[PDB]
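One structure below.
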Amino acid sequence: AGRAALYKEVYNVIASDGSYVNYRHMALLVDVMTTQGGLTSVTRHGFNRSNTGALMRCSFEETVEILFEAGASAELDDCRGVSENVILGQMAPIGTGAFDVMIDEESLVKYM
Amino acid sequence: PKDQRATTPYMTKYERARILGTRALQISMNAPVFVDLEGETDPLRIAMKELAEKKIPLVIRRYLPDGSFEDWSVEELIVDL
Amino acid sequence: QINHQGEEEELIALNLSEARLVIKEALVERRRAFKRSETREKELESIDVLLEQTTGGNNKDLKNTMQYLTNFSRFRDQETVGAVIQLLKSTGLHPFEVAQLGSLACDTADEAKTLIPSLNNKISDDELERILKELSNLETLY
Amino acid sequence: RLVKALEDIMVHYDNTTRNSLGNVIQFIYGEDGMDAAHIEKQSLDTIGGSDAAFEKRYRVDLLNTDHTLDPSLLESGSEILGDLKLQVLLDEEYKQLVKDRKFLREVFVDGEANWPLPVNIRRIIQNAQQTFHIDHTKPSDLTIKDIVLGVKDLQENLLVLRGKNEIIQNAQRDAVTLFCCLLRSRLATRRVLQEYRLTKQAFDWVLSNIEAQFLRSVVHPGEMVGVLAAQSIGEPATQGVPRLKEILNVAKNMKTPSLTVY
Amino acid sequence: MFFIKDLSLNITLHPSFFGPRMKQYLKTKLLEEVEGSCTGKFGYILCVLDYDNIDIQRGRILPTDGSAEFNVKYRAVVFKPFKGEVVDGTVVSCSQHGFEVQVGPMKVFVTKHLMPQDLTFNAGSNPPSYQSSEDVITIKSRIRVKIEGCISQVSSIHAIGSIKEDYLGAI
Amino acid sequence: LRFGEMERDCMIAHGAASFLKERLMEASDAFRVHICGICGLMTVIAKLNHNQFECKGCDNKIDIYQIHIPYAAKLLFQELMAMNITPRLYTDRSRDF
Amino acid sequence: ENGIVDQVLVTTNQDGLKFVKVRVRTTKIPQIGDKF
Amino acid sequence: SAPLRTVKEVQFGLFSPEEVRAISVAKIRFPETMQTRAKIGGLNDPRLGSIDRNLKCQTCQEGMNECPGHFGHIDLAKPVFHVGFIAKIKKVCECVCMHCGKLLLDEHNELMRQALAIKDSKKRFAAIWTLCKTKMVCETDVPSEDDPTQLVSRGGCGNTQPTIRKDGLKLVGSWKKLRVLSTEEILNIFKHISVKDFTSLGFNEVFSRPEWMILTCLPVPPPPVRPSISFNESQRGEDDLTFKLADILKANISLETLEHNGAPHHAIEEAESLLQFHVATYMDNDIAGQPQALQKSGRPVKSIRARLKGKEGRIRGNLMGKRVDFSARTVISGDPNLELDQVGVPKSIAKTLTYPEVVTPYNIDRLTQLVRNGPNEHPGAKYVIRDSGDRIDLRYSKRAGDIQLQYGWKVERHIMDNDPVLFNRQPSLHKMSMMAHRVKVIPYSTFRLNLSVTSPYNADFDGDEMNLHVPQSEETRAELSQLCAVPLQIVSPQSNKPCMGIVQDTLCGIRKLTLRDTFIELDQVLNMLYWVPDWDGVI
DNA sequence: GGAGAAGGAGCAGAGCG
DNA sequence: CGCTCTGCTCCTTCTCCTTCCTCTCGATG
RNA sequence: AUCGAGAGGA
Ligand SMILES: [Mg+2]
Ligand SMILES: [Zn+2]
Ligand SMILES: [Zn+2]
Ligand SMILES: [Zn+2]
């Protein structure tokens with residue numbers, strides 16, 4: 001019930017100025033703040049205090065403090081995040097990078 | 001798991017981008033060319049021509065959330081973009 | 001142990017003599033792979049011919065290697081090699097231990113114990129005694 | 001601040017929305033799996049109007065005089081009138097439309113009859129009319145059987161998902177619930193025969209076009225929806241606004257708490 | 001000792017080599033690199049079991065450039081020594097402070113310090129073998145050796161042999 | 001010119017991953033390093049002239065890999081090591097399936 | 001920069017350190033893009 | 001050389017003090033740097049990152065180009081607290097039985113079994129701390145929950161524990177019967193904690209052991225992390241880290257000297273804090289307490305934390321966003337005679353930005369001519385790259401008329417017509433403000449845009465500046481064109497409406513033109529038809 | 001200076017003796 | 001019903017928190 | 001060169 005009420009509140013604020021943004025954009029945002037079984041803010045005490053990759057979290061608003069916790073608990077990052085691959089300088093798993101291309105030798109022979 | 005692939009048979013615009021870029025890069029590196037040349041020197045443009053005639057010998061490995069994957073041949077994919 | 005096909009294959013403690021037979025078979029297949037494009041002296045030349053018609057003569061070190069392994073092969077006749085394989089493996093002997101006995105000369109259980117420390121302690125001497133002279137007779141047949 | 005929250009949300013090839021950890025945020029993107037670039041406002045005629053007007057615009061009766069189909073509309077005239085088999089089909093269509101009418105009354109309590117839905121049916125039909133200058137002063141060759149079954153056939157091909165299991169199929173039906181209601185509204189037997197006097201060739205062209213249009217409109221996998229949604233809220237946020245700051249930050253201590261009691 | 005194991009090697013192909021004839025070429029490139037190789041883990045790599053049925057496993061185009069990766073799996077025949085192992089080898093060369101003997105594909109240095117105390121170098125012989133004891137060991141003769149630990153190197157692999165034992169004597 | 005945060009946010013929305021990588025690597029900060037498989041620390045002594053490699057503290061000479069990372073990133077890990085944090089980098093995902 | 005030397009000044013501070021100042025002048029003509 | 005791979009996962013942890021010694025290639029002993037040019041072997045020696053022209057870099061040669069630095073080793077006289085974990089040490093010691101190594105509570109208490117059941121390590125540790133912190137005694141005999149009359153003889157010490165308090169950089173414990181806790185004592189306590197307790201406390205056996213939270217030896221970063229400074233006339237002014245390390249060595253040497261010579265107990269106590277102070281400030285020069293390490297110039301010392309923390313640090317200032325080459329910035333201006341996806345690029349810019357085209361049989365002739373023109377002319381190139389990496393510079397050579405190109409060579413071709421380029425109007429508020437256009441070279445120093453494209457950019461021709469980015473790889477060119485090309489964003493997901501449209505005079509003109517009253521004489525019409533490039537020749 | 005985390009301190013009721 | 005014990009409620013502390021670019025200027029080792 | 005401060009834009 002809170003989620004739907006949250007959407008209604010956000011929509012009114014945006015619509016009050018006469019602008020218009022598609023429904024799905026709010027739906028995603030309002031959803032994200034509630035997937036954790038509660039009203040998780042998007043501040044330093046909300047989204048940041050997640051269970052995601054530490055290397056990703058450390059770039060938001062607390063960096064050195066987070067790194068210390070990660071070392072102490074020997075946390076591990078799967079590098080599946082976007083920012084993680086940005087730091088490592090690799091192709092992020094997004095858009096053109098969410099899949100792999102391979103060469104089919106069978107078709108290669110056929111194309112002759 | 002080629003049987004019962006659950007992904008779309010249409011080529012998402014993103015694979016269209018990478019395939020054209022990828023194949024274009026191969027052509028620029030003097031890779032064998034499958035289609036006849038019509039005076040077309042821009043390596044990207046040949047790739048678009050090749051994609052039109054389904055002469056690109058590449059297969060897309062789409063990944064799923066759990067780490068599994070499905071393989072789609074460029075021939076199989078439906079180009080509607 | 002596990003192979004790359006996901007099969008839990010145990011360590012293949014392949015014997016010296018049977019190796020050359022596999023190498024022979026493998027080398028013939030290479031020649032066949034080119035084509036579509038026994039006494040120790042006989043086998044030594046036979047493998048020598050196989051390598052020369054399957055390679056470019058570059059790895060002569062391996063040519064010398066296979067020649068010398070043939071010079072010291074003990075169970076050459078593959079058909080009779082199956083006997084020594086069954087004689088040792090049927091007893092549950094550790095395959096690494098199987099490799100040495102099927103690849104090294106031995107006549108007595110004490111001799112087998114003497115050469116192999118792992119056998120000095122827990123091996124059943126009676127089985128070696130029965131097998132070793134059976135293998136010693138088999139070895140003489142070559 | 002907003003972007004970092006949603007930075008890692010994307011649509012995977014199974015048409016689901018997950019963050020970097022793989023947690024599922026929305027099982028189907030935007031509750032319809034439809035891209036925002038291929039959606040536009042359209043009317044839902046079945047919601048508004050008086051019940052009599054609704055029945056007049058949709059109900060067809062081949063047996064009575066209240067809603068007789070004018071024989072001049074089609075090459076087949078009295079051959080259709082009196083045919084109980086075709087009457088049964090019309091009853092099924094009207095039955096479904098009645099359910100949609102009362103159903104949508106619950107979805108949209110305020111009665112608004114305009115929402116963004118993919119594939120502009122109205123525009124496609126006009127393109128059909130001008131496609132080969134269909135003569136709207138002569139009887140057509142359509143049959144109620146072709147009209148009714150064609151609509152059902154199209155609904156089957158509106159495939160957003162591909163899983164053959166029941167669970168996926170159940171979502172597939174729920175994915176195109178609202179859109180299919182629109183389709184039935186503007187492809188009803190009466191309206192197509194009277195308002196939009198299409199030929200059989202023209203009608204088949206429209207149906208074949210809608211599916212092609214719809215499939216292109218489905219959201220593409222790998223889309224970085226998260227940031228896209230974050231920016232789309234950030235951009236208008238530059239133009240209330242302190243309230244938005246008061247929202248994104250939970251800030252239990254609000255400025256002007258209030259109630260609305262009915 | 002000799003073993004059978006499934007080896008995997010990653011080959012990279014330049015795009016120009018993406019003609020139909022690549023498949024045979026890929027196999028050709030595999031054989032030259034794998035055949036006759038050295039390593040501290042598996043020692044010497046001798047040959048590939050099942051030359052055919054090679055698991056090409058599709059070419060993964062590297063995003064960086066046009067070259068593609070090939071994860072090729074295959075059975076291989078390898079030699080791995082073990083401390084205390086017994087080998088019926090032969091003498092390759094004679095020397096004053098030991099002998100160069102042949103152990104599988106491997107060379108073993110049988111130091112005089114690990115030979116019978118009664119066996120002494122005799123420079124007057126040709127080849128310069130030891131004959132001061134009953135263990136006459138020359139290049140043309142046979143020698144069974146005991147591997148006193150393996151000493152692997154980047155370019156090759158060798159070990160230390162011994163003869164001062166109740167076994168692993170001459171011939 | 002600074003390709004700041006919002007600049008990369010736009011690329012993410014467009015989904016042009018390859019361009020984003022190209023801007024962050026080919027344009028600047030390109031750097032090749034070596035790493036130990038046993039331990040994920042850039043401690044490899046890369047005797048390129050001799051084609052010799054070693055990770056003192058592991059006595060490893062076979063588990064050496066080449067990795068391309070931003071030069072700026074390379075500092076971050078070193079400073080983290082100076083902080084007594086061990087950013088072990090591994091080229092093989094532990095989770096198989 | 002692109003211009004000509006207008007006046008070169010040579011002097012010293014109270015510390016006796018020799019200073020050189022060079023005034024270079026050039027004519028700027030309204031081009032495309034100049035703000036007005 | 002070695003196999004090429006890609007990073008798959010990152011595992012964090014703490015250095016093992018033995019490992020640090022194993023990693024290091026040289027022990028740092030002297031705070032002194034020099035005499036005139038020779039260097040003390042015990043600090044920043046050639047075995048670390050060598051200075052330019054010195055191909056040692058621990059026998060790695062390659063100068064600074066293709067060789068990183070290597071870490072040093074410092075043996076602290078006494079253990080010191082790690083600043084980042086001081087709070088965590090407080091919690092852990094509040095949970096351990098203080099000279100037993102066991103936990104104040106055990107599995108025989110139902111409350112932990114719920115806590116020990118938590119899969120999340122962090123919450124597990126927090127939940128345990130909330131309970132054990134109230135347990136002020138570790139009695140040996142603990143009554144069993146199943147059998148109240150039966151007790152479990154677990155607590156080894158059987159004594160009480162003091163209330164640990166944070167005192168600056170050290171801990172003070174109030175015994176319920178008060179003294180400063182010894183750093184060495186804590187190390188002993190941690191070394192007595194079983195690996196079973198590590199897991200319950202959220203520690204990893206092989207990556208994070210509680211004892212490792214206290215530093216016994218310091219890794220010394222190599223010069224590249226703290227570069228040699230020669231800003232003035234061969235003046236040092238070394239980076240703060242270099243000077244800060246020297247202070248640590250001075251404190252370390254003094255502490256070792258004092259303890260060794262005469263053991264003036266009280267002096268040792270102060271020297272212990274000084275070493276604790278210098279190392280703490282070195283790692284973090286901003287603590288809760290007053291102590292603020294100041295540089296000789298008077299400014300605060302830039303500790304490691306400052307370098308990373310905050311914007312312009314080592315994360316947001318160099319990793320997330322970084323300065324890039326192959327870019328330009330200038331002033332824009334409208335141009336009706338240019339299509340949407342096009343842009344005007346001044347010759348003065350196109351003559352500088354370059355693209356590494358690859359020589360192939362399909363374009364060797366055109367590239368050859370470009371090299372013949374040379375960088376002086378617009379349609380030319382700057383560099384010819386041989387297969388070996390011989391970056392020939394056409395700017396400083398007459399070889400432009402002599403070089404014969406070879407397949408596989410790269411040519412730094414100038415920007416030419418139709419080459420895609422990515423634009424941006426700072427700030428990049430939303431997606432639409434970053435789009436890809438096509439290049440048409442114009443002879444004046446500004447960027448020409450079609451009027452109607454300013455609506456998405458939110459741009460204005462009152463002097464607004466606008467950036468340009470050039471792709472380099474053939475892959476990126478295709479990726480930009482097929483995803484970021486102007487026409488692909490005509491319809492925006494922002495509001496489901498065409499973001500671009502006819503604006504300003506063109507919009508005003510149309511109203512008059514389509515007005516029912518407007519008629520056009522023949523003479524005028526003939527001109528109009530010709531302007532329409534798509535006219536079919538039919539009047 | 002604000003807002004949230006954190007830690008002490010006092011208190012009152014429920015069970016105990 | 002006092003003793004005790006315990007959790008609850010109250011009441012102070014105690015941190016740590018905000019696009020892009022181009023010029024000039026004084027001051028340090 | 002950096003840092004610090006300032007002015008001015010987008
Ligand atoms: Mg402006
Ligand atoms: Zn290592
Ligand atoms: Zn070095
Ligand atoms: Zn204790």
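Chains: A, B, ... in order of the structure tokens. Residues: from 1 per chain. Ligands: from 1, in order shown.
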
Expected selection as a VMD selection string for ligand 2 within 12 Å, only C-alpha atoms (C1' of nucleotides) and all ligand atoms
(chain F and resid 34 to 45 53 to 65 86 88 to 90) or (chain H and resid 19 to 20 22 to 24)

Using only C-alpha atoms (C1' of nucleotides) and all ligand atoms, which residues of the polymer chains come no farther than 8 Å from ligand 1? I'd like the answer as a PDB file with N, CA, C and O atoms (P, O5', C5', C4', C3', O3' and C1' of nucleotides), in the first residue's frame.
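The resulting file, selection_36.pdb, is shown below:
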ATOM      1  N   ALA H 459      20.380  24.301 -25.934  1.00  0.00           N
ATOM      2  CA  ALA H 459      21.421  25.246 -26.293  1.00  0.00           C
ATOM      3  C   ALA H 459      20.817  26.580 -26.704  1.00  0.00           C
ATOM      4  O   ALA H 459      19.613  26.707 -26.933  1.00  0.00           O
ATOM      5  N   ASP H 460      21.681  27.586 -26.792  1.00  0.00           N
ATOM      6  CA  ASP H 460      21.280  28.911 -27.233  1.00  0.00           C
ATOM      7  C   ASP H 460      22.492  29.567 -27.872  1.00  0.00           C
ATOM      8  O   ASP H 460      23.618  29.353 -27.419  1.00  0.00           O
ATOM      9  N   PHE H 461      22.266  30.348 -28.921  1.00  0.00           N
ATOM     10  CA  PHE H 461      23.364  30.923 -29.684  1.00  0.00           C
ATOM     11  C   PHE H 461      23.863  32.241 -29.114  1.00  0.00           C
ATOM     12  O   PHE H 461      24.485  33.018 -29.845  1.00  0.00           O
ATOM     13  N   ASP H 462      23.624  32.510 -27.833  1.00  0.00           N
ATOM     14  CA  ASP H 462      24.119  33.725 -27.200  1.00  0.00           C
ATOM     15  C   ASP H 462      25.527  33.567 -26.641  1.00  0.00           C
ATOM     16  O   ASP H 462      25.887  34.286 -25.705  1.00  0.00           O
ATOM     17  N   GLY H 463      26.315  32.640 -27.175  1.00  0.00           N
ATOM     18  CA  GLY H 463      27.682  32.461 -26.730  1.00  0.00           C
ATOM     19  C   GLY H 463      27.915  31.145 -26.022  1.00  0.00           C
ATOM     20  O   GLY H 463      29.010  30.898 -25.512  1.00  0.00           O
ATOM     21  N   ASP H 464      26.896  30.289 -25.980  1.00  0.00           N
ATOM     22  CA  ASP H 464      27.045  28.997 -25.328  1.00  0.00           C
ATOM     23  C   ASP H 464      28.140  28.189 -26.009  1.00  0.00           C
ATOM     24  O   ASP H 464      28.275  28.203 -27.234  1.00  0.00           O
TER      25      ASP H 464
ATOM     26  P     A K  10      27.031  33.642 -19.985  1.00  0.00           P
ATOM     27  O5'   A K  10      27.100  32.093 -20.330  1.00  0.00           O
ATOM     28  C5'   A K  10      27.865  31.640 -21.432  1.00  0.00           C
ATOM     29  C4'   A K  10      27.970  30.139 -21.460  1.00  0.00           C
ATOM     30  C3'   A K  10      26.697  29.375 -21.145  1.00  0.00           C
ATOM     31  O3'   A K  10      25.808  29.308 -22.244  1.00  0.00           O
ATOM     32  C1'   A K  10      28.481  28.437 -19.932  1.00  0.00           C
TER      33        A K  10
END

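Of all the residues in chain G, the ones DSSP labels as strand (DSSP E or B) from the backbone are residues 4, 5, 6, 7, 8, 9, 10, 11, 12, 18, 19, 20, 21, 22, 23, 24 and 25 of chain G.
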
Selection from above, N, CA, C and O atoms, as a PDB file, in the first residue's frame, can you write it?
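Below you can see selection07.pdb, which holds the result:
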ATOM      1  N   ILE G   4      52.500  42.697 -32.410  1.00  0.00           N
ATOM      2  CA  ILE G   4      53.763  43.408 -32.521  1.00  0.00           C
ATOM      3  C   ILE G   4      54.081  44.053 -31.180  1.00  0.00           C
ATOM      4  O   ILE G   4      53.197  44.303 -30.358  1.00  0.00           O
ATOM      5  N   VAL G   5      55.365  44.320 -30.969  1.00  0.00           N
ATOM      6  CA  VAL G   5      55.834  44.882 -29.707  1.00  0.00           C
ATOM      7  C   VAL G   5      55.529  46.373 -29.692  1.00  0.00           C
ATOM      8  O   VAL G   5      55.905  47.104 -30.615  1.00  0.00           O
ATOM      9  N   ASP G   6      54.849  46.826 -28.642  1.00  0.00           N
ATOM     10  CA  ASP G   6      54.469  48.226 -28.514  1.00  0.00           C
ATOM     11  C   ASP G   6      55.533  49.040 -27.791  1.00  0.00           C
ATOM     12  O   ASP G   6      55.894  50.133 -28.237  1.00  0.00           O
ATOM     13  N   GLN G   7      56.042  48.524 -26.676  1.00  0.00           N
ATOM     14  CA  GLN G   7      56.987  49.267 -25.855  1.00  0.00           C
ATOM     15  C   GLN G   7      57.639  48.306 -24.877  1.00  0.00           C
ATOM     16  O   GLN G   7      56.941  47.570 -24.176  1.00  0.00           O
ATOM     17  N   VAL G   8      58.967  48.319 -24.829  1.00  0.00           N
ATOM     18  CA  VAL G   8      59.736  47.444 -23.952  1.00  0.00           C
ATOM     19  C   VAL G   8      60.341  48.303 -22.854  1.00  0.00           C
ATOM     20  O   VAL G   8      61.073  49.261 -23.136  1.00  0.00           O
ATOM     21  N   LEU G   9      60.043  47.957 -21.609  1.00  0.00           N
ATOM     22  CA  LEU G   9      60.467  48.723 -20.446  1.00  0.00           C
ATOM     23  C   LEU G   9      61.495  47.926 -19.662  1.00  0.00           C
ATOM     24  O   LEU G   9      61.285  46.741 -19.383  1.00  0.00           O
ATOM     25  N   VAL G  10      62.603  48.574 -19.312  1.00  0.00           N
ATOM     26  CA  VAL G  10      63.665  47.971 -18.515  1.00  0.00           C
ATOM     27  C   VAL G  10      63.881  48.850 -17.293  1.00  0.00           C
ATOM     28  O   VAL G  10      64.075  50.064 -17.425  1.00  0.00           O
ATOM     29  N   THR G  11      63.844  48.245 -16.112  1.00  0.00           N
ATOM     30  CA  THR G  11      63.977  48.988 -14.865  1.00  0.00           C
ATOM     31  C   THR G  11      64.426  48.023 -13.772  1.00  0.00           C
ATOM     32  O   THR G  11      64.761  46.863 -14.031  1.00  0.00           O
ATOM     33  N   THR G  12      64.426  48.507 -12.532  1.00  0.00           N
ATOM     34  CA  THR G  12      64.857  47.717 -11.390  1.00  0.00           C
ATOM     35  C   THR G  12      64.011  48.077 -10.180  1.00  0.00           C
ATOM     36  O   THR G  12      63.523  49.203 -10.059  1.00  0.00           O
ATOM     37  N   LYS G  18      67.139  43.649 -12.038  1.00  0.00           N
ATOM     38  CA  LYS G  18      66.713  44.195 -13.317  1.00  0.00           C
ATOM     39  C   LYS G  18      65.416  43.533 -13.766  1.00  0.00           C
ATOM     40  O   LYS G  18      65.301  42.304 -13.762  1.00  0.00           O
ATOM     41  N   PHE G  19      64.437  44.353 -14.144  1.00  0.00           N
ATOM     42  CA  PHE G  19      63.152  43.885 -14.642  1.00  0.00           C
ATOM     43  C   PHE G  19      62.928  44.351 -16.071  1.00  0.00           C
ATOM     44  O   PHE G  19      63.344  45.449 -16.451  1.00  0.00           O
ATOM     45  N   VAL G  20      62.264  43.504 -16.851  1.00  0.00           N
ATOM     46  CA  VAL G  20      61.916  43.794 -18.234  1.00  0.00           C
ATOM     47  C   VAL G  20      60.422  43.574 -18.396  1.00  0.00           C
ATOM     48  O   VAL G  20      59.912  42.499 -18.062  1.00  0.00           O
ATOM     49  N   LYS G  21      59.724  44.583 -18.906  1.00  0.00           N
ATOM     50  CA  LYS G  21      58.317  44.467 -19.258  1.00  0.00           C
ATOM     51  C   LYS G  21      58.151  44.759 -20.739  1.00  0.00           C
ATOM     52  O   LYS G  21      58.756  45.695 -21.270  1.00  0.00           O
ATOM     53  N   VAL G  22      57.331  43.952 -21.401  1.00  0.00           N
ATOM     54  CA  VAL G  22      57.103  44.055 -22.834  1.00  0.00           C
ATOM     55  C   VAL G  22      55.603  44.175 -23.044  1.00  0.00           C
ATOM     56  O   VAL G  22      54.842  43.301 -22.612  1.00  0.00           O
ATOM     57  N   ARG G  23      55.175  45.249 -23.700  1.00  0.00           N
ATOM     58  CA  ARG G  23      53.776  45.426 -24.060  1.00  0.00           C
ATOM     59  C   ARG G  23      53.611  45.120 -25.542  1.00  0.00           C
ATOM     60  O   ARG G  23      54.171  45.821 -26.391  1.00  0.00           O
ATOM     61  N   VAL G  24      52.850  44.078 -25.847  1.00  0.00           N
ATOM     62  CA  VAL G  24      52.574  43.693 -27.220  1.00  0.00           C
ATOM     63  C   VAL G  24      51.109  43.975 -27.509  1.00  0.00           C
ATOM     64  O   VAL G  24      50.213  43.648 -26.725  1.00  0.00           O
ATOM     65  N   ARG G  25      50.868  44.596 -28.660  1.00  0.00           N
ATOM     66  CA  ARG G  25      49.533  45.017 -29.047  1.00  0.00           C
ATOM     67  C   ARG G  25      49.148  44.335 -30.348  1.00  0.00           C
ATOM     68  O   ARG G  25      50.005  43.987 -31.163  1.00  0.00           O
TER      69      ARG G  25
END

Could you give me, as a PyMOL selection string, every polymer residue with an atom at most 9 Å away from an atom of ligand 4, counting only C-alpha atoms (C1' of nucleotides) and all ligand atoms?
chain H and resi 96-104+138+155-161+189

Can you spit out the residues from that selection as a compact mmCIF listing (two decimals), in the first residue's frame, using N, CA, C and O atoms?
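Once everything was written out, this is again17.txt:
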# COMPACT_ATOMS: atom_id res chain seq x y z
N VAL H 96 35.18 -10.52 22.86
CA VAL H 96 36.06 -11.62 23.24
C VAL H 96 36.25 -11.60 24.75
O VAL H 96 36.06 -10.57 25.40
N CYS H 97 36.63 -12.75 25.31
CA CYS H 97 36.72 -12.88 26.76
C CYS H 97 37.98 -12.26 27.35
O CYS H 97 38.28 -12.51 28.52
N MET H 98 38.73 -11.47 26.58
CA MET H 98 39.81 -10.69 27.18
C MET H 98 40.85 -11.57 27.87
O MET H 98 40.82 -11.72 29.09
N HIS H 99 41.74 -12.18 27.08
CA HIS H 99 42.79 -13.09 27.54
C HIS H 99 42.33 -14.54 27.66
O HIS H 99 42.96 -15.33 28.36
N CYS H 100 41.25 -14.89 26.99
CA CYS H 100 40.91 -16.30 26.78
C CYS H 100 40.88 -16.66 25.30
O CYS H 100 41.21 -17.79 24.94
N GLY H 101 40.48 -15.72 24.44
CA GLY H 101 40.30 -15.98 23.03
C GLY H 101 38.92 -16.47 22.66
O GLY H 101 38.57 -16.46 21.47
N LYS H 102 38.13 -16.89 23.64
CA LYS H 102 36.77 -17.33 23.39
C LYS H 102 35.81 -16.14 23.40
O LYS H 102 36.19 -15.01 23.70
N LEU H 103 34.56 -16.42 23.07
CA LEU H 103 33.53 -15.40 23.06
C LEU H 103 32.81 -15.38 24.40
O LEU H 103 32.63 -16.41 25.05
N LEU H 104 32.39 -14.18 24.82
CA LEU H 104 31.74 -14.03 26.11
C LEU H 104 30.53 -14.95 26.22
O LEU H 104 30.19 -15.42 27.31
N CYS H 138 32.87 -13.62 32.03
CA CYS H 138 33.00 -14.82 31.21
C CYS H 138 33.12 -16.05 32.10
O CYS H 138 34.00 -16.89 31.87
N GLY H 155 34.02 -20.92 30.01
CA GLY H 155 34.86 -19.75 30.21
C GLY H 155 36.20 -20.08 30.82
O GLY H 155 36.30 -20.42 32.01
N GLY H 156 37.25 -19.98 30.02
CA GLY H 156 38.60 -20.26 30.48
C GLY H 156 39.07 -19.30 31.55
O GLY H 156 39.56 -19.73 32.60
N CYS H 157 38.93 -18.00 31.30
CA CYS H 157 39.38 -17.01 32.28
C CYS H 157 38.54 -17.08 33.54
O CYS H 157 39.07 -17.13 34.66
N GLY H 158 37.21 -17.06 33.40
CA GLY H 158 36.32 -17.04 34.53
C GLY H 158 36.25 -15.72 35.25
O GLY H 158 35.49 -15.60 36.22
N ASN H 159 37.00 -14.72 34.81
CA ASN H 159 37.03 -13.41 35.45
C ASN H 159 36.07 -12.47 34.73
O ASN H 159 35.30 -12.87 33.86
N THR H 160 36.10 -11.19 35.10
CA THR H 160 35.27 -10.17 34.49
C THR H 160 36.06 -9.46 33.38
O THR H 160 37.23 -9.73 33.15
N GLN H 161 35.37 -8.54 32.71
CA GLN H 161 35.98 -7.76 31.65
C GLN H 161 35.72 -6.27 31.87
O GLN H 161 34.69 -5.90 32.43
N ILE H 189 45.57 -11.46 22.44
CA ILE H 189 44.19 -11.92 22.55
C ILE H 189 43.67 -12.37 21.19
O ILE H 189 43.05 -13.43 21.06

Near-residue 74 of chain B list (9 Å; only C-alpha atoms (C1' of nucleotides); drop same-chain fewer than 6 positions) as a short mmCIF file (atom, residue, chain, number, x, y, z; two decimals) with N, CA, C and O atoms, in the first residue's frame:
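Saved to around-v2.cif:
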data_model
loop_
_atom_site.label_atom_id
_atom_site.label_comp_id
_atom_site.auth_asym_id
_atom_site.auth_seq_id
_atom_site.Cartn_x
_atom_site.Cartn_y
_atom_site.Cartn_z
N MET B 11 16.35 -9.38 -33.67
CA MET B 11 17.64 -8.84 -33.26
C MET B 11 17.44 -7.50 -32.57
O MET B 11 17.00 -6.53 -33.19
N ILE B 19 27.29 -5.95 -34.08
CA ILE B 19 27.58 -6.79 -35.24
C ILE B 19 28.10 -5.93 -36.38
O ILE B 19 29.12 -6.25 -37.01
N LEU B 51 25.01 -7.64 -43.70
CA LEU B 51 23.90 -7.95 -42.80
C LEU B 51 22.60 -8.07 -43.58
O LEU B 51 21.71 -8.85 -43.23
N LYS B 54 22.62 -11.49 -45.04
CA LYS B 54 22.81 -12.55 -44.05
C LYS B 54 24.10 -13.33 -44.31
O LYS B 54 24.14 -14.55 -44.19
N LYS B 55 25.15 -12.61 -44.68
CA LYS B 55 26.45 -13.22 -44.95
C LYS B 55 27.43 -13.06 -43.79
O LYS B 55 28.62 -13.33 -43.97
N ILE B 56 26.97 -12.62 -42.63
CA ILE B 56 27.86 -12.45 -41.48
C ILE B 56 27.90 -13.75 -40.69
O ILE B 56 26.86 -14.17 -40.16
N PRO B 57 29.06 -14.41 -40.59
CA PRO B 57 29.11 -15.70 -39.88
C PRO B 57 29.35 -15.54 -38.39
O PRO B 57 30.35 -16.03 -37.87
N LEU B 58 28.45 -14.86 -37.69
CA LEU B 58 28.57 -14.64 -36.26
C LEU B 58 27.32 -15.14 -35.54
O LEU B 58 26.22 -15.17 -36.10
N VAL B 59 27.51 -15.53 -34.29
CA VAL B 59 26.44 -16.07 -33.45
C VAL B 59 26.41 -15.29 -32.15
O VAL B 59 27.45 -15.04 -31.54
N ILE B 60 25.21 -14.91 -31.72
CA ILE B 60 25.03 -14.12 -30.51
C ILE B 60 24.81 -15.07 -29.34
O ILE B 60 23.89 -15.90 -29.37
#
